[PDB]
Every structure is written in structure tokens, then in C-alpha cells.
There are 2 protein chains.
Amino acid sequence: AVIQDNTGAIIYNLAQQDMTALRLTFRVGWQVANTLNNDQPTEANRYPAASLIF
Amino acid sequence: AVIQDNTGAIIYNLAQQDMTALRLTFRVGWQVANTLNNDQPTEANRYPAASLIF
């Protein structure tokens with residue numbers, strides 16, 4: 001492999017420079033389901049949680 | 001792999017150009033380890049070899 005920085009210039013070449021590297025990956029996502037309700041129907045004013053702040 | 005000129009230009013691409021390469025490596029080092037013999041103790045004046053020059 002070869003590694004590049006954001007300019008597209010090469011910055012390491014694992015084969016020509018006698019280096020090894022490890023690659024990791026993971027796929028996820030999340031959602032909250034704050035459905036319409038008889039208590040507080042105006043959705044902008046509901047949340048299923050609260051916080052303590054200073 | 002890819003092979004680079006030291007300026008950062010790609011010279012060869014092994015996969016795209018249907019080429020194979022072989023890499024040889026070796027790791028080594030050496031030391032003279034001259035001993036304190038009973039004669040000529042002054043280390044700066046002592047060496048276990050001599051040369052002919054012109």
C-alpha cells in the first residue's frame with residue numbers, strides 16, 4: 001500500500017520503506033422514536049430525557 | 001506495490017503494469033574490540049593492524 005495526505009501527495013509506501021500497517025473498520029447508526037403523544041403534542045417541546053447542568 | 005523516484009514521482013506500478021518484484025534485505029554490524037595488553041597500555045597509541053600507502 002501507499003498512504004496519501006489530503007493534498008493527494010504520497011507520504012508513506014509500506015513496501016518500498018519496509019513498513020507494516022493495520023486497518024480497522026466498523027458500521028453503525030442510531031434513532032430515537034419521539035412519537036406524537038397526548039401529553040405535550042407539540043413535538044418541539046417533548047424529549048424522552050432530561051439533564052442536570054451548571 | 002508502486003516504485004518511486006526520490007522526488008515523489010511514481011516510476012512503476014506493479015499491479016497495473018503486470019510486473020513482479022523481489023526485495024532482498026540484510027541486518028549487520030561490527031566492532032574492533034582491541035584489548036588492554038600488558039605492553040603499550042596507552043589506548044590511543046595501540047591498534048591490532050597496520051597498512052601500506054603511496
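Every residue, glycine among them, receives a Cβ derived from its backbone with ideal geometry; neighbour counts consider all protein chains shown. Where a number appears in this text, it was derived from the coordinates with a stated rule and is not lab data.
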Residue exposure sequence - A:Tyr12, B:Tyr47 - by fewest surrounding Cβ within 10 Å | B:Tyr47, A:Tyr12
Can you name the chain A residue with its Cβ nearest the rotation axis from A to B, and give the distance in Å as a whole number?
-> A:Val2, 3
Quick one: label points 7 angstrom along Cα→Cβ at B:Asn34, distances to the other copies in nm, smallest first?
-> 8.3
Quick one: label points 7 angstrom along Cα→Cβ at A:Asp18, distances to the other copies in nm, smallest first?
-> 3.4
Counting residues in chain A as N, plug N into 2.2 N^0.38 Å and put the Cα Rg over that result.
-> 2.43
Kirkwood hydrodynamic radius (Cα pairs, Å) of the protein assembly as shown?
-> 23.5
